[PDB]
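Step one of this worksheet: look at the structure below.
Here Cβ is always computed from backbone atoms with ideal geometry, including for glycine, and neighbour counts include all displayed protein chains. Nothing in this text is a laboratory measurement; each read-out follows from the coordinates by a stated rule.
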Amino acid sequence: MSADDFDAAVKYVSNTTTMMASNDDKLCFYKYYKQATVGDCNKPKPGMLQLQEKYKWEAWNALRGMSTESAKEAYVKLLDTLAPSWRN
């Protein structure tokens with residue numbers, strides 16, 4: 001399973017961020033750490049002058065209801081796009 005290996009994943013993304021990553025990809029590992037911890041989005045709407053906020057508020061709310069293993073399972077498959085050198 002890739003739900004327990006999430007540890008080595010969060011440490012690779014939290015410590016290493018110089019890897020070739022996109023602007024939308026960096027928002028994936030962010031919504032996973034929240035869904036794999038809480039479960040769903042339940043925060044008030046962000047500012048009204050920022051764009052990224054919407055992407056960070058819509059994403060976390062998009063996977064609203066996701067399970068713990070469900071998110072962690074995505075952190076391993078998604079992280080592969082940022083730094084696949086962690087699995088191999």
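The table for this structure:
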read-out	value
Normalised contact order of the chain, rounded percent, pairs of Cα under 8 Å and 6 or more residues apart	47
Charge dipole (debye, nearest 20) of the chain; +1 at Cβ of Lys and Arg, -1 at Cβ of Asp and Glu	320
Signed unit charges on C-beta, dipole axis of the chain, positive-most listed residue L27, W57, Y75	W57
Per-pair calculated FRET efficiency, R0 = 30 Å: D4 and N61 via Cβ, rounded to 0.05	0.65
In Å, descending, principal axis extents of the Cα set of the chain	41, 27, 16
Proxy reagent accessibility, fewest Cβ within 10 Å first, across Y75, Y55, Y32	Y55, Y75, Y32
Approximate spin-label separation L27-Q52, in nm, with each point projected 7 Å along Cα-to-Cβ	1.1
Residue order, fewest to most surrounding Cβ atoms within 10 angstrom, among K34, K72	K34, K72
Between helix 6-15 and the chain: long-axis angle, C-alpha atoms, 0 to 90°, nearest 10	70
